[PDB]
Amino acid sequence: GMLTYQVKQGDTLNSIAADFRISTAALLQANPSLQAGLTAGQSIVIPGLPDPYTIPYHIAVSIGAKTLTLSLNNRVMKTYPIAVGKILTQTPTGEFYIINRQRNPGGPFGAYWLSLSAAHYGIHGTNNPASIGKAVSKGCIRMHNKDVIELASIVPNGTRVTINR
């Protein structure tokens, strides 16, 4: 299948390409309709990704509880503690997808980086384990290295991530 994205107010061709880590050229090639511009509500396809609804895994993040919940077929498997965005640089809310990943990025990013479908944002490890469970990040979601590693080993690219208050 394919990943369908719905255009939101204030999206541009460039910003959408950016959120999904692809070139605008590739986005246009996959969506000839986009030659004529964008409109809020418009469904388009993001190339390179499977249909997220066909992936039985689902990730729910709660900013208030500082948790990331992994479900398989709407049954919780595992709850993890996480760090979230500080008060003036919060973790965005809404529906996202894991888009790509890099193993062992190191530094403050720890054992793994999993890109989310919002530019500059992802789920990553940490080299500051004391930060986990606190609102101290500049926006990304931080996990213990062992947790992000386990997480990455299970969920494939395209996995739904729902971030709530």
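Residue indices: 1-based, along the sequence shown.
Of the two segments examined, 73 to 81 and 86 to 94, it is 86 to 94 that shows the higher average Cα temperature factor in the deposited entry. Note on 155 to 163 vs 1 to 9: mean CA B-factor is higher in 1 to 9.
The entry lists C-alpha B-factors for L49, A135, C140, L116, and the highest of these is at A135. By the numbers in the PDB entry, the CA B factor is greatest at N104 among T54, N104, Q42, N100. In the deposited entry, the Cα temperature factor of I59 sits in the bottom third of values across the chain's modelled residues. Placement of the Cα temperature factor of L68 within the chain: middle third of the modelled residues, per the deposited record. Per the deposited record, the Cα B-factor of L28 falls in the middle third when ranked against the other modelled residues of its chain.
Ranked by C-alpha B-factor against the other modelled residues of its chain, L38 falls in the highest third. Among all modelled residues in this chain, the alpha-carbon of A130 has a temperature factor (C-alpha) in the highest third.
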